[PDB]
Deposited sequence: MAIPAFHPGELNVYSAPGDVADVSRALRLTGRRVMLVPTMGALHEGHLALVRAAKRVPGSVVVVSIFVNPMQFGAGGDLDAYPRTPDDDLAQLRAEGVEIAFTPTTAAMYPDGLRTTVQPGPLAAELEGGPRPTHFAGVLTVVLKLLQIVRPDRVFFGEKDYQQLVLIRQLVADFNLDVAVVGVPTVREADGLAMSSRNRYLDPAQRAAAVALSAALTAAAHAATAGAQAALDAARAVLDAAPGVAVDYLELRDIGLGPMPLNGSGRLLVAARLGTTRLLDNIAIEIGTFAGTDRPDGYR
């Protein structure tokens, strides 16, 4: 028998088989299942993902809350508050599995990403994306959503998930949602709370550098890169790990055309990242 599902209410399921059965039943009833993968501690950035999923006609939104140990090398856990926010957004399904339910046999079969996973964010964390793709593949198989939502803020992650979907012939649409930003441009992130006042003010340099580059781009790729570097060079205590212009699939940037500029920097012990669309010329 299919588990109970109360429309218009937030239905919480912890067992994978339960959400799998409900999702299947709902799709048969005329709903389009939308999956929004999270690790909890929800903020406006996550709500933008949720709102994107909810606006699809016939949508039933499934928000997974799962701190995936495999993508780590202390993590904030606010169950009650996260669920309240989801209820406030009109989300009808929350999937909150335990590590044991997701990995009943430990790490055995896993996903091995292509070479892009060793670059950029993969430099300091070479096994991070294998963890991300493995848990995302599992969530996709459990929930079987029509569309899955990820923030553009973690652009490399978004691109790797598009590679996962294409490479494994997955029947799901991957939707990238624009980065939600604080009033001064800083990309919203749970980790921002760790920045002291001086670091928080200096942190504006990442987004300022990216938007400066996007507008400098009419003058060419070098102009865009040099403008971004100048902005980052005007900030104290911002240790840039990388500032790279690539094509939209993160391969080498074209002579002209569309691309993406990505930056990551360390402010004290907090690593921040950001990125932006760039049109060369």
Please list, in sequence order, every stretch of the deposited sequence that lacks C-alpha coordinates. 1, 75-80, 289-300
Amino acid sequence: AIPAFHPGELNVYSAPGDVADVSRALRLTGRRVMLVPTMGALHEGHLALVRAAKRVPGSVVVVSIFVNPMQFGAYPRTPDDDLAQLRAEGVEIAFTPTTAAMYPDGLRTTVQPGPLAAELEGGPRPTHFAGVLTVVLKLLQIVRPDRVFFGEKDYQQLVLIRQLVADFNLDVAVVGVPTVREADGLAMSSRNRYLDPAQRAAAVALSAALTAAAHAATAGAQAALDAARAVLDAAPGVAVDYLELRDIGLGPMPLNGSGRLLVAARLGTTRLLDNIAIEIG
From here on, numbers count along this sequence of modelled residues.
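We call the rigid core whatever largest set of C-alpha positions still superposes within 1.5 Å between the two forms.
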State which stretch is farther from the displayed form on average in 9 other deposited structures of this protein, 143-151 or 196-204, counting RMS CA distance after fitting on the rigid core. 196-204
After fitting on the rigid core, which stretch moves more in 9 other deposited structures of this protein, 30-38 or 244-252, going by C-alpha RMS? 244-252
Would you say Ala74 is missing from a third or more of the other compared entries? yes
Identify the stretch, either 93-101 or 206-214, whose C-alpha atoms have the larger mean B-factor according to the entry. 93-101
Stretch with higher mean Cα temperature factor, 19-27 vs 263-271, is 19-27
Quick one: which of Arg191, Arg108, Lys153, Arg181 shows the highest Cα temperature factor in the PDB entry? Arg191
Per the deposited B-factor column, the C-alpha that peaks among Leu137, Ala173, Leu83, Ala130 belongs to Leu83
Assigned third (lowest, middle, highest) for the C-alpha B factor of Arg125: highest
Sorting the chain's CA B-factors, does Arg200 end up in the lowest, middle or highest third? middle
Would you please rank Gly251 by its C-alpha temperature factor against the other modelled residues of its chain and give the third it falls in: lowest, middle or highest? middle
Entry-reported Cα temperature factor of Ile276, expressed as the chain third it lands in: lowest
When the modelled residues of the chain are sorted by Cα temperature factor, does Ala74 land in the lowest, middle or highest third? highest
